[PDB]
């Protein structure tokens, strides 16, 4: 352990009869907070009844000294106690509440970048952002780096939650530079192709979309949100080809297709990169889900083609005579697309979806195809799921 000598028994361990006031008066609370046993003692002690003097001491010794606060926030054990004391200070409304919040804001702003990338200090940052004064939380947001480190924070396993929290609890006026920074084409690729940066971008997109819980307050707020949304959507749709096939970015595309409030952009995504490539994209591991979402959420006018491309939109193979449907139906990733196409037709002819005769024609074509090869499809689980619903890249030449 790292406990001070005064608080140890003759075996070198922490004394059993120890009180919180002794630790506070000794001025060695720091050594206790970074220790595994001492921090547990402190968390036990502060959970009881505390006098105003003890609250004052805790505030000053935990969140009142910059170097001490930074050392505790970046500690594996100390960060929990720091969050506890932060919440306690915010919930204590005396003549020093705003002053303690000001000191907290300054302490965190002086090391923002390094604290976001810290596995323990980012917890402190998030815990402050959602409970501290909004006036000072917005000021905290402005300490975020603007150079390449902002990419790091976005792609960091821990620091991405900080950016998503900022997006969740801070008005867009204060983090619009983040939208503009992600919208950069050289940054959008790096951030979207990352495991956690993709979550960051999807969270930003979801916040900039007006819906039931995202209700605009003023005309200025609505205009700001919609202009930021348009700026980000142009960047996304200019390189939607490489995003829809990426192992992580594809989700983003799916979102823009699944969300009915992004209809416009959805349709653009279908016409710019999806169309004339339904086969090869249906044969992709990650883009096949994008094709499924497109089939599920395309307007009737675009769904009409999306069917006609797979039906009569590719030249059959001159060697085997297989068309698009035959190649996709036996494909490891395209059979899910075929099942989705079957499902939309089975749902429209029943009453789940509303040109009604075109669905009859499409379902009759697909039903013919499935009934024809009942053997091979019965050999697989995909065809097993097809028949119940009714009850390696191989491309082709465009027609």
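Numbering follows the first chain given and starts at 1.
Novice: Neighbours in the displayed sequence, residue 391 and residue 392 may still hide a gap; how many deposited residues lack coordinates there, none, 1 to 3, 4 to 9, or 10 or more?
Specialist: A long stretch, 10 or more residues, is missing between them.
Novice: Can you count the deposited residues that have no coordinates between residue 354 and residue 355 and report it as none, 1 to 3, 4 to 9, or 10 or more?
Specialist: Unmodelled stretch: 4 to 9 residues.
Novice: Using only C-alpha atoms and the B-factors in the entry, which stretch averages higher, 53-61 or 331-339?
Specialist: Comparing averages over the C-alpha atoms only gives 331-339.
Novice: Per the record, averaged over C-alpha atoms, which has the higher B-factor: 254-262 or 310-318?
Specialist: Per the deposited B-factors, the answer is 310-318.
Novice: Among the candidates 45, 30, 70, 370, give the one with the maximum CA B-factor reported in the record.
Specialist: Of the options given, 370 has the highest CA B-factor in the PDB entry.
Novice: Among 161, 199, 207, 272, where is the Cα B factor highest in this entry?
Specialist: Of the options given, 272 has the highest CA B-factor in the PDB entry.
Novice: Using the B-factor values recorded in the entry, state whether the Cα atom of residue 350 falls in the lowest, middle or highest third among the modelled residues of its chain.
Specialist: As the PDB entry reports it, the C-alpha B-factor of residue 350 lands in the highest third of its chain.
Novice: Split the chain's modelled residues into thirds by Cα B-factor; is residue 214 in the lowest, middle or highest one?
Specialist: Its C-alpha B-factor, which the entry lists for residue 214, ranks in the highest third among residues of this chain.
Novice: What third of its chain's C-alpha B-factors does residue 14 belong to: lowest, middle or highest?
Specialist: It belongs to the middle third of the chain when residues are ordered by C-alpha B-factor.
Novice: Split the chain's modelled residues into thirds by Cα B-factor; is residue 113 in the lowest, middle or highest one?
Specialist: Middle third - that is where residue 113 ends up once the chain's C-alpha B-factors are sorted.
Novice: Split into thirds by Cα B-factor across the chain's modelled residues, where does residue 96 land: lowest, middle or highest?
Specialist: As the PDB entry reports it, the C-alpha B-factor of residue 96 lands in the middle third of its chain.
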